[PDB]
Amino acid sequence: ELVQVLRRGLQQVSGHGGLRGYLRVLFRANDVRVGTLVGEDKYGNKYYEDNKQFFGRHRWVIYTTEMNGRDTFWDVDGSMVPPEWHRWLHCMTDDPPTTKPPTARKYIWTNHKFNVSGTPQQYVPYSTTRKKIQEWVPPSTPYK
Amino acid sequence: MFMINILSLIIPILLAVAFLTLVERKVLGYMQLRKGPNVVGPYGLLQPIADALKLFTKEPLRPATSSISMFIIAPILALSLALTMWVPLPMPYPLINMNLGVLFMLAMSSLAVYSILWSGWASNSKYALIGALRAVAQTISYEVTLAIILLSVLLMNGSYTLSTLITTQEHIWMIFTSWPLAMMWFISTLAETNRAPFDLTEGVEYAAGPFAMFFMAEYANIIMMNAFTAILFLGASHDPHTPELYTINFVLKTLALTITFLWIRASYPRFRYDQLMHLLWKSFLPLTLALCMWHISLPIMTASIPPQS
Amino acid sequence: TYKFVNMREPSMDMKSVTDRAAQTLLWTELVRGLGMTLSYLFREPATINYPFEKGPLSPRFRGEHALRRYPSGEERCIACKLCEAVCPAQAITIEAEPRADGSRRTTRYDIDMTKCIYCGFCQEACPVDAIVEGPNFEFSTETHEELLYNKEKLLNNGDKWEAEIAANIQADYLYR
Amino acid sequence: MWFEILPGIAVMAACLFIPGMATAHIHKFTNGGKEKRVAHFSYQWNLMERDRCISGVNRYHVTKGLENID
Amino acid sequence: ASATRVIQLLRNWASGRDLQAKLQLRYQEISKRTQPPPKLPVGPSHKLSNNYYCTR
Amino acid sequence: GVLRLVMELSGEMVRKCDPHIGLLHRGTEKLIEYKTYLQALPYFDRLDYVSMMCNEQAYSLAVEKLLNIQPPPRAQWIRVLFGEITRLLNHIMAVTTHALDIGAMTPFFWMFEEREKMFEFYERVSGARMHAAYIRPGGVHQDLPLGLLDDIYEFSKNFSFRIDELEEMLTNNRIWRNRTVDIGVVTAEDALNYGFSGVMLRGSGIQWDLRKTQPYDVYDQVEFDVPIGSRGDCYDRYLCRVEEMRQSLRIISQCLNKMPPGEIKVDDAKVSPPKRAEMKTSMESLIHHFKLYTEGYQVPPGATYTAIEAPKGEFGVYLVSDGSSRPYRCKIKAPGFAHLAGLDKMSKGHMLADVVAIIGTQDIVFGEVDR
Amino acid sequence: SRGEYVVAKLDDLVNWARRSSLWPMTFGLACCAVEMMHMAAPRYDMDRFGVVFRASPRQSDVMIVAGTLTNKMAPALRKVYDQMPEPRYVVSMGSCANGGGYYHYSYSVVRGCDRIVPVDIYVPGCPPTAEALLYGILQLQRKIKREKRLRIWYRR
Ligand SMILES: CCCCCCCCCCCCCCCCCC(=O)OC[C@H](COP(=O)([O-])OCC[N+](C)(C)C)OC(=O)CCCCCCCCCCCCCCCCC
Ligand SMILES: CCCCCCCCCCCCCCCCCC(=O)OC[C@H](COP(=O)([O-])OCC[N+](C)(C)C)OC(=O)CCCCCCCCCCCCCCCCC
Ligand SMILES: CCCCCCCCCCCCCCCCCC(=O)OC[C@H](COP(=O)([O-])OCC[N+](C)(C)C)OC(=O)CCCCCCCCCCCCCCCCC
Ligand SMILES: CCCCCCCCCCCCCCCCC[C@@H](O)O[C@H](CO[C@H](O)CCCCCCCCCCCCCCC)COP(=O)(O)OCC[N+](C)(C)C
Ligand SMILES: CCCCCCCCCCCCCCCCC[C@@H](O)O[C@H](CO[C@H](O)CCCCCCCCCCCCCCC)COP(=O)(O)OCC[N+](C)(C)C
Ligand SMILES: CCCCCCCC/C=C/CCCCCCCC(=O)OC[C@H](COP(=O)(O)OCCN)OC(=O)CCCCCCC/C=C/CCCCCCCC
Ligand SMILES: CCCCCCCC/C=C/CCCCCCCC(=O)OC[C@H](COP(=O)(O)OCCN)OC(=O)CCCCCCC/C=C/CCCCCCCC
Ligand SMILES: CC(C)NC(=N)NC(=N)Nc1ccc(Cl)cc1
Ligand SMILES: CC(C)NC(=N)NC(=N)Nc1ccc(Cl)cc1
Ligand code: SF4
Ligand code: SF4
Ligand code: SF4
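From first to last, the protein sequence lines are chains A, B, C, D, E, F and G.
In terms of the UniProt record's numbering, the first sequence opens at residue 2 and continues consecutively.
If you count by the UniProt record's numbering, then the second sequence holds residues 1 to 203, 213 to 318, one letter each, in order.
In terms of the UniProt record's numbering, the third sequence opens at residue 37 and continues consecutively.
In terms of the UniProt record's numbering, the fourth sequence opens at residue 1 and continues consecutively.
In terms of the UniProt record's numbering, the fifth sequence opens at residue 2 and continues consecutively.
In terms of the UniProt record's numbering, the sixth sequence opens at residue 99 and continues consecutively.
In terms of the UniProt record's numbering, the seventh sequence opens at residue 41 and continues consecutively.
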């Protein structure tokens, strides 16, 4: 009935923590659905799951308001997620990183970085090999 | 106070045009299983503003080989005639109460035909000129059919007054009375407004600001046509002491008719030019003439001639 | 076997003629199309809320390239140039020399991502599983140069995506 | 869902409400709380002119009656 | 899905067919994204004897 | 978007059509000559990019015929199943884009959601949503992941309703009938001789189909009907395409029921690469992997012409091998080339919209037209 | 400064409109065009971002070069780019548009559309995923957000 739908909408309003939270999730995420929290990474992203939605909308992420040195309250990217939560969100597996932590290595990055194109941290190519032919340096002593 | 009334008639029409663009996009998306604009604002209630700002702060491309006089006059004429056709419409009281309001609408539409021809001839391009000529032919043919239908309908009204139309439709609906005329009127309004399945012109030279003028004029014409159809065939009950009920009912009917316009555009394919031309002269015009004869004969043979006053 | 799709003469009896005439005068099929479109309008949209929601993928997905390391930290590539031999687009350039400790290791390893066709032949031909196609697909750049990866960029990609790449390889290494 | 189209339709309805309501309110305000007289014919115009003359305040809507004649 | 009963009746009547049976959206009827490890079979030439390549 | 058309009109009629093809020519044949046999597979993958796996299958059949080897039965069944899936994709694209050119767009969006689901199937089986490069000479690259057949079955269950919804909007629509009926009529003899194949022949009424006359893979072990037109116009061709979609659904059901077990590539390490575990534990396997991925297998000298019933008609490969590991010559016969050549014949006595409808019903891919 | 504040706010307002309302002209030349149709499909729905499905060259602000640009086709691309009214942006989608792709060494292929038109965004892939193209479009939007036309003009 319409009454049930209105009650569900009011519950969604109350589920986000009042009015300010509802408005925040409406304006910076364009969706006000509520789902069970699965976990949170070290950057502030919150990952939610709701299996009642159809496939492709049953898992989502609310991005943090500040990642690394960039203010990401409005400017949110798809590259801001760490690799393990990236795999979980893209549904290559059914196991969240909290349940199945990734294997730890001494060379794996501890801090994740998003796309740095258009920024001073952007990648610039260069040749990684040494010079091929060495020239002959003339003697420093005059002959006459 | 009359200038205040004029502004209250004008500005809400433009706002309704912008939000009609928004509503059309969202309705088409939901019919096509998409979502439509829901990102720019809350549920997408900033897309018309963003589009207007971009089109205003977009560079124009006025051709060097073009008549500047016509290039400026055509959008001005189109917008002025789009806004003018709202002053005789009663809702429930017209801004300008005219004894002959219907003929004013016909004359305004006939003059509004000139905008397409002038815009086509201003570009000094052969292909745009040919497209404009085809559009002019389609518009004038469906103008003939609209005029005959509107003459047929008003024979049960007694005059050319839309207030008298309301008084006539106080009891029952002209759509109940003359539904075949309603069908042909709706199709002819679609063809006149050049909406699908009759968008042959869009199926170009103007850009940026002047393009927005034509867009607003076309959408205002669409809204005006839907409002006129709602008044003519879906007459609401008018209470002199609480006029707001009639206004609410009329606005709801106009919105329903415009939504039906969008629905038809989403649903149907496009006619060919010769196919739609044969649609009128060989299918609509004979039936229109027959129904005109029938509606002339009906009041006489049933002793139900409407009062002149 | 075969069948006819448009060979069916309509009946000419008065009932059928009247039905067809009513269909012509009263737009029955057009009303049917309107009803179908209205039903689709009242159905639920199939749009995901990108970038907060992502489309499903598979462990076999091919995206940004990366170079892996051993658990000991030594890089897996042994400078064998099967990459360069098997690359259809010739997007891989490899130069090698003996390392300071005598190992067979690369000194130049460049992949032109604007020339690569993302076909996945390089990770099939690797005898040591060094070069892989990572799951990342959101590495768009604002300049042409940034898409000319080198050994440092590929090693950084491998270190950055090592966990997810290792998980995908573990999940899909029995089919290879 | 499909109810997300309502806010745009609501704004359109609010915009289209303004013309008729404003016209009715202005007509009632400029005529002493009564509907504007419809002078479609010369007889009606003569009636309006006579009403204005008998009112004498140069307003046709100021109506006078039995208390005015006697 | 999650539509109201009146909406379901309206969409079924407008389309003319029962749309609840055939849904365009996938609701938990698809396979799990994580599957048990496989064990692929070997071909006919995985023989330790009488498998000379000159005969095949 | 890469078509240039020079049209001479008489008022409203079209008196001359001249297609100026060549805006998407890339020297694919010469590049294939410069590549090896394994490195030339993506070139066929990118020829007709709505029938990617069909082109892969045609090239694989040509190379296997030259090599005188035979794929395993499971590989053949997988190839047939994915060829039918690709046929569904191509027919959806053709019909929906034909409607999109002529007006209607809602069926385009619906059937493109269906195409998105089929692309999900493609990505699951190969890792690439469009250009799988999955069918290779000797079988297929990898075995099907567990649980893929169940999802294919679900998709096949929920597709006949989609076809019915598509037909509700176009089949009996009077506007669609006006736009497509008695336009682009071609007789059987003219169609043949101009060099027509597939849907054009079936619409004109010729009872010809490669899948039944010259079976390949395991197409002779399935039952399906071949639609036949009567008037040879756009409407008949559209009906034939819809019925072909239904028949491909039937074939997909049969393949799902009768998928066999076994290996997915020929057990010949001198042609098909050995498994990674064998390569990392066996010296012969390592040598064969090295040689196959560096030099490539040699093909005996000869010349072959192998044609398959791609969704757009007869797609053929004329492959000439000089005994090396790289093809000496590779001619690609695309069905759209002859159709676009015959466009001028079909456009006589019509208008611009009719020309658009004729192009749409010819279903031209300029990638395969130009190569 | 009040003038600095006003020009900054006006720049933010103008950039917001251009960022939110994008009307791209799709130059679909090859297989990369199919992924654009799938981005416009219901699942991703490029329309919901304010990116109109299609537009004419006169009313377009973004040109998406998606496909192999050949020598016989380059002049037409340059002509339509010239006909586009400023401000105009270019998104090169796919390997063929970015560099040469599979056809880099061909005699009849332009090795990168950046040899013909100035490209603003490069999207890598063959073909790029619909999500990849959507990410490229959003990156273009965020790049527009950093434009400072009025700030530069006021400091001239
Ligand atoms: C670009 C083409 C332009 C073409 C036109 C150029 C010249 C314009 C000349 C304007 C003449 C105005 C005539 C009316 C003057 C007042 C008379 C009066 O009070 O009439 C009462 C009548 C009352 O209507 P009635 O018929 O009900 O009257 C009977 C009822 N009583 C007696 C009680 C009043 O008003 C009308 O008839 C209204 C219709 C007027 C039609 C003429 C003006 C048309 C304007 C639109 C066309 C031009 C648009 C240009 C746009 C810009 C282009 C760049
Ligand atoms: C996109 C899908 C569209 C589906 C169809 C939507 C319209 C449904 C009508 C049938 C199809 C269209 C036929 C042509 C138009 C018919 C017009 C018609 O009959 O309209 C019926 C009613 C008005 O008719 P009515 O019954 O109110 O008027 C009575 C008239 N007399 C007194 C003379 C008998 O209008 C509507 O239903 C409006 C529909 C469009 C607007 C949708 C959003 C608003 C939803 C309802 C809000 C209700 C509260 C509003 C505020 C109230 C404050 C007190
Ligand atoms: C119903 C409403 C209809 C109208 C709606 C639209 C109008 C309302 C919104 C307008 C927003 C502003 C848009 C302006 C255009 C910006 C983009 C543009 O074109 O940039 C190109 C140029 C950039 O200049 P440029 O010279 O650097 O250009 C670069 C060089 N070329 C030309 C080669 C590209 O913009 C301008 O030149 C605009 C400058 C004037 C506008 C005002 C800026 C200053 C405002 C503050 C002044 C001081 C205030 C304090 C003191 C007051 C004292 C009285
Ligand atoms: C009748 C016509 C009405 C038209 C409008 C009807 C619908 C109106 C809906 C408006 C809902 C509110 C929108 C608010 C959007 C977000 C506002 C904010 O995010 O933007 C600010 C700037 O935006 C503007 O200031 C807000 C404008 C809101 C809309 C104003 C009314 C719309 C204009 C109406 C024009 C009508 C004429 C045009 C017709 C075509 C920047 O703030 P920020 O930098 O992040 O600060 C940090 C964020 N913190 C504080 C949470 C930490
Ligand atoms: C017919 C002509 C119409 C004229 C209308 C004139 C009126 C001005 C128009 C005002 C429209 C509303 C203001 C703009 C709405 C901002 C909405 C807000 O939410 O945008 C924020 C952007 O804020 C930016 O900081 C710019 C703020 C917008 C500009 C506000 C300027 C201040 C108000 C206008 C002042 C005008 C100058 C006054 C000088 C005295 C964040 O959104 P976004 O960027 O998408 O990032 C989120 C991306 N998601 C959705 C995917 C998560
Ligand atoms: C498939 C259909 C396409 C064929 C038909 C399309 C016709 C388009 C013809 C292209 C020729 C270009 C000229 C025609 C449009 C003129 C637009 C114009 O005048 O723009 C002026 C404006 C000038 O700058 P401003 O904005 O005023 O100042 C700020 C500077 N940043 O914009 C410009 O920058 C354009 C200036 C150079 C463009 C003109 C150079 C080419 C002229 C050669 C003559 C060609 C004429 C075409 C003849 C057509 C019949 C054969
Ligand atoms: C306002 C309420 C809205 C409710 C309806 C929702 C919207 C419905 C709109 C859907 C329509 C879709 C757009 C239609 C565009 C095309 C219309 C069309 O094709 O009609 C043409 C149609 C057929 O054309 P063809 O078949 O192509 O020509 C071949 C001839 N053998 O011709 C017509 O004129 C249609 C008929 C209209 C008039 C119908 C009159 C029926 C007969 C009236 C008999 C009663 C006489 C009164 C005397 C009574 C005596 C007691
Ligand atoms: C048919 C397509 C090109 N149109 C649109 N999606 N929106 C549109 N032309 N833009 C717009 C919005 C508001 C106003 Cl007042 C004037 C123009
Ligand atoms: C080469 C084949 C596979 N591709 C397609 N571009 N067919 C085509 N008619 N599709 C299409 C898509 C959008 C528009 Cl606006 C107009 C046409
Ligand atoms: S994916 Fe293919 S084209 Fe790309 S680098 Fe690897 S082998 Fe070369
Ligand atoms: S195949 Fe492996 S070991 Fe050989 S060059 Fe490539 S990454 Fe290095
Ligand atoms: S980059 Fe790949 S998918 Fe895109 S046009 Fe080139 S070959 Fe086709």
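Virtual Cβ for every residue (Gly too), placed ideally from N, Cα, C.
Residues of the region 106-131 of chain F in Cβ contact with chain G at a cutoff of 7 Å, in chain order, please.
Hits within the stretch, in order: 120, 121, 122, 123, 124, 125 and 129.
Got a sec: does ligand 1 put a non-hydrogen atom nearer than 7 Å to the Cβ of residue 223/B?
Here residue 223/B refers to the residue found at position 214 of the second sequence. Answer for residue 223/B: no, Cβ out of range of ligand 1.
Measure how close the beta-carbons of residue 237/F and residue 169/F come, nearest whole angstrom, since I'm counting them as under 8 Å.
The sequence position of residue 237/F within the sixth sequence is 139, counting from 1. The sequence position of residue 169/F within the sixth sequence is 71, counting from 1. Sure, about 4 Å apart at Cβ, within 8 Å.
Taking residue 153/B and residue 174/B to be in contact with their CB atoms under 8 Å, please state how far apart those CB atoms are, rounded to whole angstroms.
Residue mapping note: residue 153/B aligns to position 153 of the second sequence, counting from 1. Residue mapping note: residue 174/B aligns to position 174 of the second sequence, counting from 1. The Cβ separation is near 6 Å, so the contact holds.
Ignoring anything shorter than 3 residues or poking outside the region 370-413 of chain F, list the beta strand (DSSP E) runs there in chain order.
Runs found: 400-408.
Give me the DSSP bridge partner(s) of residue 67/G.
Along the seventh sequence, read from residue 1 onward, the residue named residue 67/G stands at position 27. Bridge partners of residue 67/G: 105/G.
What residues in the region 137-166 of chain F have a beta carbon less than 8 Å from any beta carbon of chain G?
Of all residues in the region 137-166 of chain F, 140, 141, 144, 147 and 148 have a Cβ within less than 8 Å of some Cβ in chain G.
Using only CA atoms, which one of 272/B, 250/B and 197/B lies nearest to residue 279/B?
Sequence index remark: in the second sequence, residue 279/B carries index 270 (1-based). When each option's Cα is compared against that of residue 279/B, the closest is 197/B.
Are the beta-carbon atoms of residue 285/B and residue 137/B separated by less than 8 Å?
Here residue 285/B refers to the residue found at position 276 of the second sequence. Here residue 137/B refers to the residue found at position 137 of the second sequence. Their beta carbons are not under 8 Å apart, which means residue 285/B does not touch residue 137/B by this criterion.
Hey, is residue 22/E's beta-carbon within less than 8 Å of any beta-carbon in chain C?
Counted from its first residue, the fifth sequence places residue 22/E at position 21. It does not; no Cβ of chain C falls within 8 Å.
Measuring alpha carbon to alpha carbon, tell me which of 68/A, 91/A, 47/A and 88/A ends up nearest residue 38/A.
Position 37 of the first sequence holds residue 38/A. Per the Cα distances, 47/A.
In chain A, which residues lie with their C-beta within 7 Å of the C-beta of residue 33/E?
Here residue 33/E refers to the residue found at position 32 when the fifth sequence is read from its first residue. 95, listed in chain order.
Suppose contacts are defined by Cβ-Cβ distances below 8 Å. Is residue 43/B in contact with residue 103/B by that definition?
Counting from 1 along the second sequence, the entry for residue 43/B is found at position 43. Counting from 1 along the second sequence, the entry for residue 103/B is found at position 103. Contact: no.
Give, in chain order, every residue of the region 172-200 of chain F whose Cβ lies closer than 8 Å to some Cβ of chain B.
From the region 172-200 of chain F, only 197 and 200 have a Cβ closer than 8 Å to chain B.
Residues in the same chain with beta-carbon distance under 6 Å from residue 36/A, minus the five sequence neighbours each way, listed in chain order, please.
As a position in the first sequence, residue 36/A is number 35, starting the count at 1. Result list for residue 36/A: 49, 50 and 51, in chain order.
Give a yes or no on whether the minimum CB-CB distance between residue 74/C and chain D is below 8 Å.
The sequence position of residue 74/C within the third sequence is 38, counting from 1. False, the Cβ-Cβ gap to chain D never drops below 8 Å.
Any heavy atom of ligand 6 within a distance shorter than 7 Å of the CB on residue 117/G?
Counted from its first residue, the seventh sequence places residue 117/G at position 77. False, no ligand heavy atom lies under 7 Å from that Cβ.
With 8 Å set as the bound, which would you pick, yes or no: does the beta-carbon of residue 243/F sit closer than that to a beta-carbon of chain E?
Here the question's residue 243/F lines up with position 145 in the sixth sequence. Yes, residue 243/F counts as interfacial toward chain E.
Decide if the region 352-362 of chain F is in contact with the region 174-194 of chain F; the criterion is three or more beta carbon pairs, one per stretch, under 8 Å apart.
Yes: at least three Cβ pairs fall under 8 Å.
Would you report the Cα separation of residue 396/F and residue 164/F, rounded to the nearest angstrom?
In the sixth sequence, counting from the first residue as 1, residue 396/F sits at position 298. In the sixth sequence, counting from the first residue as 1, residue 164/F sits at position 66. When rounded, the distance between both Cα atoms is 10 Å.
Looking at the structure shown, is residue 48/A part of a helix, part of a strand, or coil, going by DSSP?
Counting from 1 along the first sequence, the entry for residue 48/A is found at position 47. Strand.
Considering only residues of the same chain and omitting the five flanking positions on each side of residue 18/A, which have a CB-CB separation below 6 Å?
The residue given as residue 18/A occupies position 17 in the first sequence. Taken in chain order, the list of residues that qualify is empty.
Using 8 Å as the threshold, is the region 260-272 of chain B in touch with the region 228-235 of chain B, meaning 3 or more CB pairs across them?
A contact exists between the region 260-272 of chain B and the region 228-235 of chain B.
If contact means a Cβ-Cβ distance below 7 Å, which residues of the region 79-98 of chain C contact chain I?
Annotation note: the requested chain I is absent from the structure, which comprises protein chains A, B, C, D, E, F and G.
So, residue 66/B versus residue 124/B, is the Cβ gap smaller than 8 Å?
Against the second sequence, residue 66/B aligns to sequence position 66. Against the second sequence, residue 124/B aligns to sequence position 124. Yes, the Cβ-Cβ distance between residue 66/B and residue 124/B is below 8 Å.
Can you tell me which residues form a DSSP beta bridge with residue 43/B?
As a first step, residue 43/B is located in the second sequence; it is residue number 43 there, counting from the start. The partner list for residue 43/B (beta bridge, DSSP) is empty, contrary to what the question assumes.
Decide if residue 130/A is buried, meaning its Cβ has at least 16 other Cβ atoms within 10 Å, or exposed.
The residue given as residue 130/A occupies position 129 in the first sequence. Label assigned to residue 130/A: exposed.
Looking at the unbroken beta strand (DSSP E) that takes in residue 142/C, where does it start and where does it end?
Working through the third sequence from its first residue, we reach residue 142/C at position 106. Residue 142/C -> beta strand (DSSP E) spans 140-148.
Following the continuous beta strand (DSSP E) through residue 109/F, name the residue where it begins and the one where it ends.
To locate residue 109/F, count along the sixth sequence from 1; it is residue 11. Premise fails: residue 109/F is in no beta strand (DSSP E) and is neither H nor E.
What separation, rounded to the nearest whole angstrom, lies between the Cα atoms of residue 97/A and residue 85/A?
To locate residue 97/A, count along the first sequence from 1; it is residue 96. To locate residue 85/A, count along the first sequence from 1; it is residue 84. Each residue's Cα considered, the two are about 8 Å apart.
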